[PDB]
């Protein structure tokens, strides 16, 4: 069962800051990493699928990227609404495993 390790667990930042979140897989997932945003009160929303593809409708300040092992989500200029928790997930093999989550407080 694939372990998704997120880093960091939490962070603070101001409107307009770039912030990077990093996800690591215990085993190969050949590019199948997704990223979700869940705002307080709301259901998760898909932002990025297969590491770096942006889901239609999602603002281009969100960016996903790969380097193996590892996986990276960057919000390049933080908006007020982007306060939320962000979760990576591998969708390579069943079961789909989630990262611990990173609470972005803004």
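Numbering follows the first chain given and starts at 1.
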Average Cα temperature factor in the PDB entry - higher stretch of 48 to 56, 75 to 83: 75 to 83
Taking only the CA atoms, which stretch has the higher mean B-factor in the record, 64 to 72 or 29 to 37? 64 to 72
Assert third(CA B-factor, residue 23) within chain per record equals middle
Ranked by Cα temperature factor within the chain, is residue 9 in the lowest third, the middle third or the highest third? middle
